[PDB]
Amino acid sequence: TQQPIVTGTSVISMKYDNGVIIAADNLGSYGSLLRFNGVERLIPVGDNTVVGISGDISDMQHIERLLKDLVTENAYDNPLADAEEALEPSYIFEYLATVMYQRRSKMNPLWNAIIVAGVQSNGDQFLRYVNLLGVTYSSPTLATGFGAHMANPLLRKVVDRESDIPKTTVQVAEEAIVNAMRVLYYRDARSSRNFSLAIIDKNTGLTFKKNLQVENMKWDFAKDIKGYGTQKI
Amino acid sequence: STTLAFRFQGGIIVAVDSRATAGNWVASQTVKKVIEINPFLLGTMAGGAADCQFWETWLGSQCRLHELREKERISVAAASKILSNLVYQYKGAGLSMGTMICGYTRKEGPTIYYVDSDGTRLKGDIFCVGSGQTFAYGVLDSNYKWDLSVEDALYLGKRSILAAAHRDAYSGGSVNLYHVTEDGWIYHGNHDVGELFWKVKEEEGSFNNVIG
Amino acid sequence: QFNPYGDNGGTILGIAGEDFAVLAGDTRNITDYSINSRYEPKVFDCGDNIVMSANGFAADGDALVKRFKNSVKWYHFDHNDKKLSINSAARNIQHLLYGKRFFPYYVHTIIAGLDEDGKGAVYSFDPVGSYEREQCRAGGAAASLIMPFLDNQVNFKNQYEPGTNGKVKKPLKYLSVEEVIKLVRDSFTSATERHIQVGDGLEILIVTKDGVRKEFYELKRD
Amino acid sequence: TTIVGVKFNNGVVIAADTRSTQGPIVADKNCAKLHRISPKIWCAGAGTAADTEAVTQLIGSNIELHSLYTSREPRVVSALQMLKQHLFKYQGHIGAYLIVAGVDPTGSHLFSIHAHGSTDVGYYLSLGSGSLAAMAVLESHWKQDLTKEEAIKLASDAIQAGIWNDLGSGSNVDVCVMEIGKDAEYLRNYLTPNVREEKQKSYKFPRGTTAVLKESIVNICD
Amino acid sequence: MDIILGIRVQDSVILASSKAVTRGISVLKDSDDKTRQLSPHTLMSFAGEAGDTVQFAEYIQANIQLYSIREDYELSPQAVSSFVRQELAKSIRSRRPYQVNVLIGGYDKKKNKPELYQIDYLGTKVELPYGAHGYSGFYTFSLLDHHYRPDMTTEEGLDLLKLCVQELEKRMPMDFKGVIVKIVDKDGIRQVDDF
Amino acid sequence: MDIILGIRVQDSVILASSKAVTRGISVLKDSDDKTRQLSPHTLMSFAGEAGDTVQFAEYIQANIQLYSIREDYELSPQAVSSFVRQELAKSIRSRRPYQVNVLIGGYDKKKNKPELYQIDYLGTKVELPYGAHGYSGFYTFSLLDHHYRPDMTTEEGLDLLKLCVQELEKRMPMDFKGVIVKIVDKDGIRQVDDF
Amino acid sequence: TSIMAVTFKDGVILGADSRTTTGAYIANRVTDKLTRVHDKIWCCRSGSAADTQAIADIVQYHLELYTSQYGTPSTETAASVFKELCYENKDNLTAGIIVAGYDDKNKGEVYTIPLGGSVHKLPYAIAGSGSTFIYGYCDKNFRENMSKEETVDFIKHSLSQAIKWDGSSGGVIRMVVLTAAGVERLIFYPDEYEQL
Amino acid sequence: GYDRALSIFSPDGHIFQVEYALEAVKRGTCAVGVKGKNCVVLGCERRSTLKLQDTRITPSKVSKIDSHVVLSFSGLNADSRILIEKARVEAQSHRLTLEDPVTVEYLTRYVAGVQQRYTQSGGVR
Amino acid sequence: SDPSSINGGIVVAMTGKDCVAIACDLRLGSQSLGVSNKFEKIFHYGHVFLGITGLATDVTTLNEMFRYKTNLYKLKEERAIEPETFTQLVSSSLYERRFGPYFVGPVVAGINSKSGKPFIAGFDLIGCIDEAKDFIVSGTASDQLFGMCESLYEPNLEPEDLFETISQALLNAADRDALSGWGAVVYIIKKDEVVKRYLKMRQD
Ligand SMILES: *[C@@](C)(CO)[C@](*)(O)[C@H](CC(C)C)NC(=O)[C@H](Cc1ccccc1)NC(=O)[C@H](CC(C)C)NC(=O)[C@H](CCc1ccccc1)NC(=O)CN1CCOCC1
Ligand SMILES: *[C@@](C)(CO)[C@](*)(O)[C@H](CC(C)C)NC(=O)[C@H](Cc1ccccc1)NC(=O)[C@H](CC(C)C)NC(=O)[C@H](CCc1ccccc1)NC(=O)CN1CCOCC1
Ligand SMILES: *[C@@](C)(CO)[C@](*)(O)[C@H](CC(C)C)NC(=O)[C@H](Cc1ccccc1)NC(=O)[C@H](CC(C)C)NC(=O)[C@H](CCc1ccccc1)NC(=O)CN1CCOCC1
Ligand SMILES: [Cl-]
Ligand SMILES: [Mg+2]
Ligand SMILES: [Mg+2]
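Residues numbered from 1 in each chain as written, not as in the entry; some residues may be left out. Chains lettered and ligands numbered in written order. Part of a larger assembly, values for the part shown. Heavy atoms only, no water. Residues with missing side-chain atoms left out of burial classes, pairs and counts.

Per the PDB record, the structure was determined using X-ray crystallography to 2.90 Å resolution.

1. Structural notes on the coordination of the magnesium ion (ligand 6)
Six octahedral donors around a metal ideally sit at 90 or 180 degrees from one another, while four tetrahedral donors ideally sit at 109.5 degrees. All names here are of chain G. In this structure, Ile 163 (O) and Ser 169 (O) serve as the protein donors to the magnesium ion (ligand 6), at separations of 2.4 to 2.6 Å. You can call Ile 163 buried: its relative accessible area is 9%. For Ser 169, a relative accessible area of 1% translates into the label buried. (Donors = N, O, S within 2.8 Å, 3.2 Å for Na, K, Ca; no water. Buried < 20%, exposed > 50% of the residue type's maximum accessible area, 1.4 Å probe, protein only.)

2. A look at the interface of chain D and chain A
Taken together, the contacts link 23 residues of chain D with 20 residues of chain A. Summed over both partners, the interface of chain D with chain A buries about 1,700 Å², with 64% contributed by carbon and sulfur atoms. With its nearest N and O atoms 2.6 Å apart, the salt bridge here joins D:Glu139 to A:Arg187. Summed over the shared surface of chain D and chain A, the number is 3 residue pairs in polar contact. Of all elements in the fold, only helix 2 (76-89), strand 9 (119-121) and helix 3 (131-141) of chain D reach the threshold of two or more residues within the side of chain D that touches chain A. (Contact = heavy atoms within 4.5 Å. Buried area = accessible area lost by both parts, 1.4 Å probe. Salt bridge = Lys/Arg side-chain N within 4 Å of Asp/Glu carboxyl O. Polar contact = N/O pair within 3.5 Å; in protein donor to acceptor, adjacent residues only side chain to side chain. Helix = DSSP H or I, 4+ residues; strand = E, 2+ residues; numbered from the N terminus.)

3. What to know about the site of ligand 2
Around ligand 2 sit 21 residues, and of these D:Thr1, D:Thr21, D:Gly47, D:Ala49 and D:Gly168 come closest. The local environment of ligand 2 is shared, drawing residues from chains D and I. In this structure, a nitrogen atom belonging to ligand 2 sits 3.0 Å away from a main-chain N or O atom of D:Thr21. D:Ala49 is positioned such that a nitrogen or oxygen atom in its backbone is 3.0 Å from an oxygen atom of ligand 2. Bound to the protein, ligand 2 loses 71% of the 1,000 Å² it would expose on its own. Class assignment of the residues belonging to the shell around ligand 2 gives a composition of 6 nonpolar, 11 polar and 4 charged. (Near = heavy atom within 4 Å. Areas by Shrake-Rupley, 256 points an atom, 1.4 Å probe, with all protein chains shown as cover. Nonpolar A, V, L, I, M, F, W, Y, C, P; charged D, E, K, R; others polar.)

4. So, the coordination of the magnesium ion (ligand 5)
Binding of the magnesium ion (ligand 5) to the protein goes through B:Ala165 (O), B:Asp168 (O), B:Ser171 (O) and I:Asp204 (O), at separations of 2.2 to 2.8 Å. Highlighted residues: B:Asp168 in the loop between helix 4 (150-167) and strand 11 (174-181) and I:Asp204 in the segment after strand 12 (194-199), drawn from two different chains. Relative accessible area serves as the criterion here: at 12%, I:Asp204 is assigned to the buried category.

5. Details of the sheet that holds strand 3 (residues 19-25) of chain A
Residues and elements named next belong to chain A. Ordered by their spatial adjacency, 5 strands build an open sheet running 11-2-3-12-13, and the pairing between neighbours is antiparallel. Single-partner strands in this sheet number two, and they are strand 11 (141-143) and strand 13 (205-213). The sheet shows a mean angle of 10 degrees between the axes of neighbouring strands, direction not considered. As judged from the 7 bridges shared by strand 3 and strand 12 (residues 194-201), these two strands associate in the antiparallel manner. Within strand 12, the residue paired with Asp 25 across the bridge is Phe 195. Of the strands in this sheet, strand 2 (11-15) and strand 11 are in contact with helix 3 (residues 146-156), which crosses strand 11 at around 165 degrees. (Pairing = 2+ DSSP bridges. Axes fitted to C-alpha atoms, helices over the stretch in contact; angles between N-to-C directions.)

6. Focus: the side chain of D:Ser118
Structurally, D:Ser118 can be placed in the loop between strand 8 (107-113) and strand 9. Take D:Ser118: its relative accessible area is 11%, and that puts it in the buried class. When neighbours within four sequence positions are excluded, D:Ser118 is seen to be in contact with D:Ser112, D:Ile113, G:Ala49, G:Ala50 and G:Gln53.

7. Re the UniProt feature "active site" in chain D
All names here are of chain D. In the UniProt entry, the feature "active site" is given for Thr 1. Here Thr 1 shows up in the segment before strand 1 (3-8). Sequence-distant contacts of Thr 1, that is, excluding residues within four places in its chain, are made with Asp 17, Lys 33, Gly 45, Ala 46, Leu 127, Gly 128, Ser 129, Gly 130, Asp 166, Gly 168 and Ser 169. A polar side-chain atom of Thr 1 sits 2.9 Å from a polar atom in the side chain of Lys 33. (UniProt positions renumbered as here; feature names shortened; annotations may be inferred.)

8. Concerning the site of ligand 3
Lining the immediate environment of ligand 3, one finds 15 residues, of which G:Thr1, G:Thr21, G:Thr22, G:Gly47 and G:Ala49 sit closest. Near ligand 3, the surrounding residues belong to chains D and G. Here G:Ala49 contributes a backbone N or O atom positioned 3.2 Å from an oxygen atom of ligand 3. In the complex, 66% of the free accessible area of ligand 3, which totals 970 Å², lies under the protein chains. Mapped onto the shell around ligand 3, the elements with two or more residues apiece are strand 3 (20-22) and strand 6 (41-47) of chain G. Partitioning the shell around ligand 3 into residue classes produces 2 nonpolar, 12 polar and 1 charged.

9. Observations concerning the packing of aromatic side chains
Following the criterion strictly, the structure yields 47 aromatic pairs over all chains and no others. Here the aromatic residues B:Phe54, B:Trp55, B:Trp58, B:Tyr90, C:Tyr98 and C:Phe102 are joined through ring pairs into a cluster of three or more. Across the ring face of C:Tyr105, the terminal group of C:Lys100 is positioned such that the distance to the ring centre comes to 5.3 Å. A cation over an aromatic ring shows up here: H:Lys61 above the ring of H:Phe73, its NZ or CZ 4.5 Å from the ring centre. (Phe/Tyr/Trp six-rings, centres within 6.5 Å; stacked < 30°, edge-to-face > 60°. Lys NZ or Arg CZ within 6 Å of the ring centre and 35° of its normal.)

10. Focus on the arrangement of the chains
The assembly contains 16 pairs of chains in contact; the pair sharing the most contacts is chains D and I. The two units chain A and chain E are non-contacting; their minimal C-alpha-C-alpha distance is 42 Å. The smallest C-alpha distance separating chain H from chain I is 38 Å, and no contact links them.

11. Here we look at the state of the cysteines
Throughout the structure, instances matching the rule amount to 0 disulfides over all chains. Here E:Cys164 stays free of any disulfide, with the sulfur of B:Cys128 as its closest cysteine sulfur at 17 Å. Here E:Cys164 falls in the buried class, since its relative accessible area comes to 1%. There is no disulfide at I:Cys19, and the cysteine sulfur nearest it, in I:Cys149, is 15 Å away. I:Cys19 sits in the buried class, given a relative accessible area of 0%. (Disulfide = S-S within 2.5 Å.)

12. Section: a negative patch on the surface
A contiguous patch of negative charge, built from E:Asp151, E:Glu155, E:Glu156 and E:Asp159, is present on the exposed surface. By secondary structure assignment, the location of E:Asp151 is in the loop between helix 3 (137-147) and helix 4 (154-171). (Patch = residues over 30% accessible without salt bridge, like charges linked within 9 Å, V, L, I, M, F, W, Y side chains within 5 Å. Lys, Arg positive; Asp, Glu negative; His and termini not counted. Charge placed at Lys NZ, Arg CZ, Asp CG, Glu CD.)

13. Some words on the pairing of strand 2 (residues 11-17) of chain D
All names here are of chain D. In terms of residue burial, strand 2 counts as a mostly covered element, since 7 of its 7 residues are buried. Because side chains alternate across strand 2, one face comprises the buried residues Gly 11, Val 13, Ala 15 and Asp 17, and the other comprises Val 12, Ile 14 and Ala 16, equally buried. Sheet topology note: the strand 1/strand 2 ladder contains 6 bridges and is antiparallel. Each residue of the ladder has a partner; that of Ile 3, found in strand 2, is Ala 16.

14. Looking at the interface of chain I and chain D
Buried accessible area, meaning the area lost when the parts come together, often serves as the stated size of an interface. On the chain D side, the residues contacting the 38 residues of chain I number 35 residues. Buried surface at the junction of chain I and chain D, summed over both partners, amounts to about 3,200 Å²; 56% is from carbon and sulfur atoms. Summed over the shared surface of chain I and chain D, the result is 7 salt bridges. Its salt-bridge partner being I:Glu150, residue D:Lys29 comes within 3.3 Å of it at the nearest N-O pair. Counting only elements with at least two residues in the side of chain I that touches chain D, the list comes to strand 9 (129-131), helix 3 (142-152), helix 4 (159-174) and strand 12 of chain I.

15. Details of the nonpolar core
Residues B:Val14, I:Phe86 and I:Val108 are the most contacted members of the largest nonpolar core, which totals 104 residues. Ranked by residue count, the leading element in this core is helix 4 of chain B, at 8 residues. What I:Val108 contacts, discounting residues up to four positions off in sequence, is I:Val48, I:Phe49, I:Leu50, I:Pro83, I:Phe86, I:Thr87, I:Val90, I:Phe119, I:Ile120, I:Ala121 and I:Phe123. In terms of nonpolar packing, the next biggest core, distinct from the first, is built from 63 residues, A:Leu184, D:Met135, D:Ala158 and D:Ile163 among them. (Core = buried A, V, L, I, M, F, W, Y, C linked by side-chain atoms within 4.5 Å.)

16. Describing the pattern of salt bridges
Inspection of the entire model under this criterion finds 97 salt bridges over all chains. With a closest N to O distance of 2.9 Å, B:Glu204 and B:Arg159 form a salt bridge. Linking B:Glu204 in helix 5 (residues 193-204) with B:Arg159 in helix 4, this pair joins segments that are 45 residues apart in sequence. The exposure class of B:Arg159 is buried, given its relative accessible area of 1%. Three or more residues joined by partner-sharing salt bridges are found here, namely C:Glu193, C:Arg194, C:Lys220, D:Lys29, D:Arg196 and I:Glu150.

17. Points about the packing of helix 1 (residues 52-71) of chain F against helix 2 (residues 77-91) of chain F
Residue and element names in this part refer to chain F. Where helix 1 meets helix 2, the closest approach of the two axes is 11 Å, and the angle between their N-to-C directions is 135 degrees. Considered as vectors, helix 1 and helix 2 are oriented oblique to each other. When you trace helix 1 past helix 2, the crossing you get is right-handed. Every residue of helix 2 that contacts helix 1 at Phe 56, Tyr 59, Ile 60, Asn 63 and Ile 64 is listed here: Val 80, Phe 83, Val 84, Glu 87 and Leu 88. In terms of residue class, the contact of helix 1 with helix 2 is made up of 8 nonpolar, 1 polar and 1 charged. (Parallel < 35°, antiparallel > 145°, perpendicular 65-115°, else oblique. Left-handed = near helix turned anticlockwise from the far one by under 90°.)

18. Some details on helix 1 (residues 52-71) of chain E
All names here are of chain E. Taking 1.5 Å of rise per residue, 20 residues should cover 28 Å, and helix 1 covers 29 Å from first to last C-alpha, within 8% of that figure. Looking only at helix 1, the buried set comprises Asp 52, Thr 53, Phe 56, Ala 57, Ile 60, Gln 61 and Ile 64. Take helix 1 and look down its axis: the buried residues cluster within an arc of 155 degrees, on one side only. In helix 1, the exposed positions angled more than 90 degrees off the buried face are occupied by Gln 55, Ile 69 and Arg 70. Tucked inside the fold, the buried residues of helix 1 contact strand 5 (35-39), strand 6 (42-48), helix 2 (77-91) and strand 7 (100-108). One or two steps after helix 1, the chain reaches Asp 72, where phi turns positive at roughly 50 degrees. (Expected span 1.5 Å × (residues − 1). Arc of directions from axis to C-beta.)

This is how it looks when you write it as structure tokens:
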């Protein structure tokens, strides 16, 4: 039995024609206090997988160490560690999914929601979710926390089903992700303006973007709003 | 559920309903609440479905192992006590079982043992177990005599379940009848309450509370 | 306090014919008022002509299916590649479920296939392992909506022969695979209309002596 | 529920879905959540269904009497004030979450009211279980100086977001347009994107299927 | 208070009510009459919370007697039962409800028919051929379902009632010290002294 | 399980134990023997939680019988009672204690004296001239205080015991379906069939 | 919420963020927490949105009725009416209000009214969840008899920090200037204040 | 724990420790059992090199396992006590679970099973 | 101690071609104990029919209350109340007890005598009106009834066909609920004739 202390908010992601995009802001909240601002919640594994984690940060750091150790262990007695026997997104996910469910079954969970985004060796897009309960599901768009409520509706307007994936380009997909991050900044009280974004493409590979900012915000209309009903000054 | 079994001149009658509930949701009308342990032993099931079903089939395995080791069919007393000693180990853990081990052996004769999940084990001539046990008792006790014929005893057992199936909201479906003799148990059919009630009402002239 | 259970919604449905059996289930996965996936299958081919679904808390559902699939694998290893019969699978699943009697898998399990006489078989389980063979069973969130409809249309309950003064019952008969799929589709469209956790898609797995075939149908996405 | 309100050039538009729930069960697939307080003041309601209906009728009744007393067309702020003071008095126990909009001699107005009695002002608003799905759309596509046709499109798109993504919302989209100098137009079932597909089978029973015990003519006349 | 039964037969209504009054681990009395005559042809038995039972019975009794004097006329069992139900229906939403369950056995002189009404403390009224309150019903209803016939005589009804009391004395946990039996018919109310 | 009594007289110990076994609102059995013979001249009655009672009695019985075989010798009632007390004294601080109250009636052959021990589930042992467990004591102790004499015969003890059972049948709320009476003396243990 | 009111040479300035929250969801990102109870008597609202509105509405009604009979009320009088409501109904209210006004005799005045319903007259006042993070900053930087531009910077920098650390505070920084000249509304957007 | 395999096979297929245990039995005082038509009689030898014995208290050669079964022996006296104790416990255990005393075959089968277990358990003779 | 599921029971209403049907079970129990198999839950005031499920004391109280109100209505208005108007009266009366409600699930059914239009409506315990073209359900087996009605129902059924549909909906729903059943009644309502039929169903 735990209670989360230092927390990370929404992780959002979607599939596009050649790969997957994933994003998450750089905040480490301590309740209502926006305590830590340099927190990286996207963690790459190899050159083909990115694990996005929300929830308790101490448990996130534990998961980082496991993934780091997983890469090391895979390299042992493995001449094809950087080729045919390299770590796949599906391997990394299933490992985490196993751990998450084992921990919930011992009544001592890792208080997180995790999204493993990547590209398989055969070029197929991989995007799957797992959380503290060990619950797993996959979808063309996946999001955690407030992202599930606000980002998914927006991302589903682009990719509403499987057949929309080949029709969606990386430009259109990234634009929707960046828009969703702005909406979350408007409406999620435990979010920050600064965020990281990662693209895993089957052709161009892993592109990790740091220190992005929400921009092109609409605040001007606020000046016209006076009082709460009858005030005209 | 409603289950009964009583001892009489011509052996043992065993009768059960077939309903299974999850709260007010009627989950099944076709549950087998009598377990056939061997040609001379029967076990009735009331309470938690899984608890009864799992541990009474387990009981059957223990009874088989007895007759392999001892080259002799297990006694009704020993069979019941295996089950009672088992549930006693789980006392407090929350098992829910109201069972009756009915059978015949040479040394014992016809015998009935009531065994429940809080460790109670009682030998007796008449028992009714389940949510509708009281309704079954009312009809059974008021019509019971030791000198009942096999035909009348079978009907009284059937009629007592019907009585409970009617009044108890958590009993119904159909009646399963068994008759245990010196030669072993004999199945006396599945009787759907849907047809049985009206057949009994018309022929017997009872159930005048219901709109005919 | 940490709550180890959750409700992933959805509903499942199993019907048995004469020489076939179907196991259907919607593809929607939810938590509270949010949709997690519109296509997340929960009806699985487990080998030996046995299809299985464990609806309720998906984590426990997946764990169970995973363990049973593994049980089928080791049954082959230990018993000279013998085919696991549907009745034997059912009993094996009871022990899996009851093994966690004091920390249950929160799922309604249904399996379907053919018995050893080649006839259609459906078995259903409660969360702690009580099981029963039936011609008909719905399980999950919309089971209370679908099940009485099945009683009426599959087992012809409360239906009497016209003009017989409610004395002769409508005679029981096996349904064709075509007629069964009609009932499955109508059951799920009805359930989708009146239950919020049911919708998106319908996936049916049909089991005959020839193997395991699949069919998919769209459901309302609201 | 999902309900929204959007201001535009010469007035204001409000919209709503048409699902009414009872736990996980859809009770009404086409209920009207848009309420007329006065001819040109309309109200979208979310929360406890009886409360939203009762509170909107009461204030609507008192507004009519006030209008007749003062020989003036009623104002949105009067409805806003009467609603909030009533709701506040009951400390949130009357579970009415309202989006109040309309046109009056002062101009066009858009407000929201919560059950505890707090009010908010805005150009675009959303309330109900699917307000987050709707607000995401509003935050993404809203701009200053919307036309009538653009505001209707934005409002209905925001409701649709709720219909598809929120399990609490579904079925159809109702709209009401309140423009200055014109009659308010109530667009009942403006969109109907959730039509039930043809059933696979007709379940019309053969006459005499049901077993009957008695018949009798009932006397309705004096 | 525990066991109260009622059986309507061809020409009468028979009420049976337990004699025991128990508080704690002591049977304080074994000759308690748990009934009141509301009118010459209407009898009400009662069972429930201590104090409430008698207070309610006597309050109803006083009201029915007041009516009888005012109109010089006896209210029908149906009318009395409706009055009693309404009082309990008011009571359940009071500050402190009457926790009293009643059976009203009466003979309607205009219809020449016996009538038995079962009313619980919530104000739930039903007319029945046979009735019971508390745990008694769990045994007696099924027993009566089997043995009861609508055209029975008062003597047959008393034998049917003995069959209920015997079953209760066999299977009930508590000692209720037998029953006081009363018969309501065209000639009014009378008590069976030897039961 | 409810009523268990014990009376030590001049030359014997008399145990009386109720026959009723009740769960819920049903008397499941009315001929239950709530006792076990531990040795030829030692008898233990018991009452308490369902299942625990018999499981504990039979466990003690097996241990005393094992001792008797090993040593070819009968343990004294004092020795048996001390063994039983210690088992209950261990039990009370276990994960799940035995909730069983016992009376041990025995005849010491070396002393030529009857002995009655009362032991509760905590392991509280007392030797007494007369004893009881549960609510029975609240009536029987005062009654015995008055009517008991130390030099009474077995027949006088049985009449004294009838006086207890009558009082219990009058004032106890529950129907305990009479008692099974057993006598322990120099000639061993025997049951009174007509009580 | 993050709110504050600061007296200065020419009068007083009220300041506030624009965030209204339901748990972690921002129900309104453009809220106006600075509200008029009289021509030149305003208040900052923190706590229950419903309670603070209901209170302010009543105070406005009282001061309007006061003005009809006895002419313009003092800023102290306004604070006394707020207190009376907050104190007498302390069991049923969650309202932290700062009252600020401009008299010609008394110049700028600030009264703060915490949960209990006690009154405290101060040179400047801070309140709301985000105020905790700026006690250190405001105490070190506040000076009496500041100019208009200095006070605007003081409030801007202060609320900028409160907003930065408090998740319950954000959006725009609204300000209301109360002087003999009249009433002036000011607004400051994220792009400006965030990078201070 | 002491684990050594003391009872083991030899080249010729014999377990010498079991066979040497038989020699100990051969050394022990003679015991005889004869069963009639309605009875069994157990006779036992007592060596007469021991005078000044106290026959009241000296352990008797025949031991009651239950009220209906007896056990006599030949060989090591100390070893016999362990078997007798185990048998007496199993006798009471059988009565407790089966609600019936042991058969003579069952009691024998148990005692024989104990003796066998000590022929292929580590650390015991 | 859940008022709505102590006594048990169900009501269902359907529309057809120029006709309406309303049906109910006959059970009244006290949790597990079945007490009465004659407890009807459908009443009528002129040509307007009202079915009520839930706590039985309130079912009776409300019947007596609406009889009271409809009688006074008729004396003052000099005409019988119509289904649309009665629906509003039911809603007003239930919401009058907003913070101390009658634990009921009422269902109005009838044909407007002026327009001839079939009308049905349902309510929650505090008076929220649920109007419907097709069908209304209520009671302890409402889930079951929702499932039966949604699959079996089709529009514009003739009175004789509508009878079969509504009966099969009620019966099969009642058989999956422990607190419902023990007999059933069906009302078929045409413009100026009303037929009442008692159904044969399993008595467990
Ligand atoms: C009469 C009918 C009532 O007692 C009989 O006694 C029968 C006995 C037969 C079946 C052997 N008893 C029951 O039917 C028994 C009643 C009961 C239920 C639960 C606890 C004690 C007694 N019913 C069951 O056991 C049902 C049988 C299923 C429906 C076939 N099972 C459940 O209720 C299961 C298991 C409950 C459970 C028990 C112990 C540990 C864990 C779980 N519960 C669920 O499936 C949960 N629920 C079902 C509806 O959907 C939401 C989840
Ligand atoms: C979206 C759809 C919410 O998801 C909207 O906000 C709509 C608003 C529209 C319809 C005006 N909300 C609902 O549909 C609302 C959801 C809800 C439910 C319960 C509490 C709060 C909100 N549903 C209702 O209000 C239904 C309307 C019925 C289906 C016509 N009412 C109920 O479900 C009532 C609740 C009554 C209530 C009493 C006291 C406090 C709060 C609510 N519940 C029942 O009738 C359940 N039960 C049936 C058996 O008898 C006992 C009561
Ligand atoms: C900062 C945030 C902290 O001090 C500020 O003080 C602002 C002040 C502005 C609004 C004047 N405070 C808030 O925004 C305020 C914070 C708050 C919350 C709870 C108690 C006191 C203060 N937020 C609110 O008032 C929101 C306003 C809604 C979004 C319009 N209201 C709620 O959260 C209400 C609180 C009800 C309440 C509880 C205790 C005392 C008084 C009122 N809660 C809900 O409405 C919950 N409801 C559940 C169903 O779905 C809708 C929301
Ligand atoms: Cl506000
Ligand atoms: Mg029943
Ligand atoms: Mg902030």
